[PDB]
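To start, the structure under review is shown below, and the notes come after it.
Derivation of every value follows stated rules applied to the coordinates shown; laboratory data play no part. Every residue, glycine among them, receives a Cβ derived from its backbone with ideal geometry; neighbour counts consider all protein chains shown.
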Amino acid sequence: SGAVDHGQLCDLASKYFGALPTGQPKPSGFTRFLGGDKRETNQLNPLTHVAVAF
Amino acid sequence: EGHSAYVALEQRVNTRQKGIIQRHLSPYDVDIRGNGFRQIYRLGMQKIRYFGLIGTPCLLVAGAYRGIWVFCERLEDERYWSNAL
């Protein structure tokens, strides 16, 4: 980003990063969402933080 | 729920809580079958043991009273059959 040359970047990338393996694909699993609650009790804290997400 | 005796007891006795983490699952993500048969079996075992423990004084007193009851019943049968009432 910025005052850069795309051709120079491509040449350097071929010089250095051209030998990386074509490894196995990114894992594609099922990440299940579990509704619920995680509550930490600290009555000495000056503020209470509550995040609710869907 | 405030201004209650148990809340006052909590505030008098227990400290300001710190360092407790609770994890709860929604009931929609928990199977009711869950830990069902295991709990049935182990609770039944526990109750059998406990009732075997705390029921034996009752068993002994019941045995003694049954002996007395049998004696009294046979005595009264003899009394009535002999016109001795």
Task: Positive-end residue, the protein assembly as shown charge dipole about Cα centroid, Cβ charges, pick of A:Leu12, B:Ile48, B:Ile20 - done: A:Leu12
Task: Cα-based shape type of the range B:1-57, given that a ≥ b ≥ c are square roots of the gyration tensor eigenvalues and the cut on a/c is 1.5 - done: oblate
Open item on the list: As I understand it, the value is the acute angle between the Cα axis of helix A:6-17 and the longest principal axis of the Cα atoms of chain A; what does it come to in degrees, rounded to 10?
Closed with: 80
TODO: Starting from the Cα coordinates of the protein assembly as shown, work out the convex hull volume and express it per residue in Å³.
DONE: 420
Open item on the list: Through the Karplus equation 6.51 cos²θ - 1.76 cosθ + 1.60, θ set to phi - 60°, convert the phi angles of the range B:10-21 into ³J(HN,Hα) values in whole Hz; use x for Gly and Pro.
Closed with: 4, 5, 6, 8, 6, 6, 6, 4, 7, x, 10, 10
- [ ] Over all directions, average the projected area of the Cα convex hull of chain A and note it in nm².
- [x] 9.8
TODO: Pull up all non-local amide H partners of A:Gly36: gap of 5 or more, or a different chain, and H-to-H distance under 5 Å with H placed in the peptide plane.
DONE: B:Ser26
